[PDB]
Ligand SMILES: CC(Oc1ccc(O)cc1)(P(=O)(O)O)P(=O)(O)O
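One chain follows as structure tokens, the form solved without this ligand.
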């Protein structure tokens, strides 16, 4: 695994260089499933780069990538060394030049995540973690916050990709329950990976969301657990990479409390 990991880091860093030049040029903005689900030619270009480079040195391995699944590929995770890639987490941010866009590379062996690389381009911050070895941002070790009281916590979440009134009302209703506990506040920078990395640095205490996909959270989940945090399903049960739901918190006390307060939204899983 370490050989794979340091290749992943040189790859994440050059894919990030591509994204950072592209953000300052004109862009072709295209639509995937709706007027608000967006893709650009840079997304597709970076995933092609990443998957071809990895196949070259590791032909035996599997790949789950956002744009590949958009081009009809499948997201079923098997025990084979799988690379789970999102070339640009933050495409809406990227299109707008809102300054938070990340490349996320997650690696799973036996359906368990072994390492994660998340590179935030505009900030120039590389976050990395390998199981048992700690979580880092540009060499500095990270640790989650120590907060255990929900009325003193700062949470991060997103409003989601749907615009169906009933799903939207459920998202907002869940934000209302949390907000009125009361919590100190809720933030949204626009990318699931960066939201989870801010939890790993201790800047936020918890992140929760329903509607994400495995490629958005694969790389950052292990940066959270290796910074001392916790991953959990919104049922309060164990985290399932393919279920489209995640609570990533500094500790089990806040995660359980968030799960107790929010209601599950119906969604198709990534392996269905």
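Numbering follows the first chain given and starts at 1.
What comes next is about the form solved in complex with this ligand, which is not displayed.
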Which of 107-115, 186-194, 167-175, 71-79 has heavy atoms within 4.5 Å of this ligand in the deposited bound form? 186-194
Close approach of residue 91 to this ligand in the deposited bound form, 4.5 Å, heavy atom: yes
Evaluate residue 216 for contact with this ligand in the deposited bound form, applying a 4.5 angstroms cut-off between non-hydrogen atoms, and reply yes or no. yes
Applying a 4.5 Å heavy atom distance criterion, does residue 212 contact this ligand in the deposited bound form? yes
Even though the partner isn't displayed, in the deposited bound form is residue 47 close enough to this ligand, meaning a heavy atom within 4.5 Å? no
Under the 4.5 Å heavy atom criterion, name the residues of 148-186 that approach this ligand in the deposited bound form, in sequence order. 158
